[PDB]
Amino acid sequence: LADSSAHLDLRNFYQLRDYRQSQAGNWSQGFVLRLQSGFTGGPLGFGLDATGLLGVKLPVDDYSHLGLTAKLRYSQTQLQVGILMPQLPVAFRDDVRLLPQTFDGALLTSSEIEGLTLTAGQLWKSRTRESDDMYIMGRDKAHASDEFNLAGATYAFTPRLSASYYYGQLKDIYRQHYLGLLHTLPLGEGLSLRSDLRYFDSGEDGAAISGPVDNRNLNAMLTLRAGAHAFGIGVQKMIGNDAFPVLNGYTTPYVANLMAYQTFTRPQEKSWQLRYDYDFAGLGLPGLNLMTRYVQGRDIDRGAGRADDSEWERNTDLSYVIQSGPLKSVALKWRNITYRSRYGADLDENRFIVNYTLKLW
């Protein structure tokens, strides 16, 4: 049993919001207990993981759940059945709040052939700190489905160039095709251009119990890395009459212009991003990083014959991984969020998040 391990992930989360068309605060604490067995010896290996989740309001117990995950392994192929945290282009579980969003399902991954990863899965339920079954975020939770089917392939053509295709199907609600092209171009010592191009095509599926689904999503992130600096531009475009479909539960839309508050995927929205990163290591402060980014959106469809909405958001994050002493490896994050829109809400918000992972064995 020496290959087994246990960890406890701790998250302390404080947010001060000023939302209006009101200054309210929130302090809370997350625990994620991860138990992972090793694998039963032999060609076909067997294992068992357990994931325990607890959210506490700051103290009153707010949310708890315990899930198990059976795992099988053979050569380069793995099957997991039970609690899952998928991080896939058509289902990228949320983890920017207190606790990670989880799913129950079965996920098969296989990397038998050099440079090729194949994925096939089915998710049956979504769980968040807030009566299950899945639906498009923003639509009728009464017209839900217990079956999300996914299949994918990623191929590294060269170590500079890889491509990905994924298919997501929420049975009887929607279908989604994803195409991604990732190109990294070296440009001299400490220099590289990362081109991250993404395309989603979303339509209805089966009985279409939540109504029509019409969205194509074109988005790209170009990132110039230079020594300890990084400079990025993002462009994103919603086409069709619908917002970009994601699974309910604040699942993260896998998109270039995703921000701390808004996703910039509203119906017909066109947006661009500027982002700057700095690693302070060279300056003598390893573990300290600055990220600041700004996204501006327009042409947001408000229907009828109304004027389109428009919006902007700025995010500034200062993050610090403590390098030594009793709190070594404790991570701190200060996030400043500023958001304005023409016809909707305005927001100012500060968050302070402390993360730490304790190894139990």
Side-chain angles (χ1 to χ4, degrees), residues 32 34 47-55 62-72 77-110 118-153 165-178 200-215 217 240 242-255 263 265:
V32 178
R34 288 179 293 110
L48 185 62
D49 299 335
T51 300
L53 304 87
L54 179 70
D62 191 27
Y63 174 81
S64 64
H65 176 72
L66 179 284
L68 301 180
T69 308
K71 57 195 182 185
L72 308 182
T77 301
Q78 182 156 358
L79 172 68
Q80 305 171 86
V81 188
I83 202 172
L84 301 172
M85 291 176 205
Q87 296 189 233
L88 305 168
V90 301
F92 202 100
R93 84 305 141 36
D94 173 43
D95 189 41
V96 302
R97 297 160 161 72
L98 184 64
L99 293 169
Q101 164 183 35
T102 63
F103 289 82
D104 296 336
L107 190 55
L108 190 279
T109 65
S110 184
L118 301 181
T119 304
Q122 188 183 74
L123 313 180
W124 320 304
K125 36 168 52 66
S126 173
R127 282 196 169 83
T128 65
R129 187 158 76 143
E130 316 78 19
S131 68
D132 292 7
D133 294 346
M134 294 161 294
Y135 55 96
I136 293 163
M137 183 76 279
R139 345 234 297 198
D140 185 4
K141 97 171 111 70
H143 281 186
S145 159
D146 59 6
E147 174 174 340
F148 181 72
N149 294 315
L150 63 88
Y165 167 91
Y166 274 86
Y167 176 69
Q169 172 194 49
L170 217 203
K171 196 188 187 306
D172 285 327
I173 295 176
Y174 80 96
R175 282 177 189 230
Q176 184 168 84
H177 296 267
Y178 165 79
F200 292 94
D201 196 313
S202 294
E204 72 185 50
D205 176 87
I209 58 185
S210 89
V213 177
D214 174 40
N215 179 277
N217 171 352
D242 292 319
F244 182 58
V246 285
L247 296 173
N248 65 291
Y250 296 105
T251 312
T252 308
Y254 191 62
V255 305
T263 72
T265 52

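Quick note: numbers below take in every heavy atom, side chains included, and nothing from hydrogens, waters or symmetry partners. All residue numbers refer to positions in the sequence shown, counting from 1.
- You'll find the side chain of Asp62 stays beyond 4.5 Å of the side chain of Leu99, heavy atoms only.
- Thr263 has its side chain out of reach of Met137: every pair of non-hydrogen atoms, C-beta onward, lies at least 4.5 Å apart.
- Here the closest non-hydrogen pair linking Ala153 and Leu118 is CB-CD2, 3.6 Å.
- Between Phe148 and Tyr174, the closest side-chain pair of non-hydrogen atoms falls below 4.5 Å.
- Residues passing the side-chain contact (heavy atoms from CB on, under 4.5 Å) test with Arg127, sequence neighbours excluded: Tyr63, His65, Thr102, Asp104, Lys125, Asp132.
- Within the structure, the salt bridge (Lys or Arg N to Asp or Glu O under 4.0 Å) test picks out the following pairs touching residues 200-212 (sequence neighbours left out): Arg175-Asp205.
- Put simply, CG on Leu66 and CG on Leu54 are 11.5 Å apart, with the number rounded to the nearest 0.5 Å.
- Residues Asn217 and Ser202 have side chains not in contact (no heavy-atom distance under 4.5 Å, counting atoms from C-beta outward).
- Counting heavy atoms from C-beta on, the side chains of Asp95 and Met85 never come closer than 4.5 Å.
- Residues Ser126 and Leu247 are not in side-chain contact: their nearest non-hydrogen atoms beyond the backbone lie 4.5 Å or more apart.
- How far CG of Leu72 is from CD of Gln80: 10.0 Å, rounded to the nearest 0.5 Å.
- Residues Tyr178 and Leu88 form no side-chain contact, since every pair of their non-hydrogen atoms from C-beta on lies 4.5 Å or further apart.
- Between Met134 and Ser145 the shortest side-chain heavy-atom distance does not fall below 4.5 Å.
- Residue pairs meeting the side-chain hydrogen bond (donor to acceptor under 3.5 Å, both in side chains) criterion with at least one partner in residues 243-252, sequence neighbours excluded, are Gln101-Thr251.
- Annotation: the span from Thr69 atom OG1 to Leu48 atom CG amounts to 7.5 Å, rounded to 0.5 Å.
- For the pair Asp172 (side chain) and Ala207 (backbone), a donor-acceptor distance under 3.5 Å is present.
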Going through the distances and angles, do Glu130 and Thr128 end up as a side chain to side chain donor-acceptor pair (under 3.5 Å)? CA-CA 5 Å; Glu130 316 78 19; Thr128 65; 3.2 Å; yes
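- Put simply, the residue from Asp140, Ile136, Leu170 that forms a side-chain contact (heavy atoms from CB on, under 4.5 Å) with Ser210 is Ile136.
- Taking the six-membered ring for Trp and thresholds of 30 and 60 degrees, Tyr254 and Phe92 have nearly parallel ring planes, at less than 30 degrees apart.
- Taking every heavy atom of both residues into account, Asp214 and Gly240 meet most closely at OD2-CA, 3.3 Å.
- The distance from the CD atom of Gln78 to the NZ atom of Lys71 is 7.0 Å, given to the nearest 0.5 Å.
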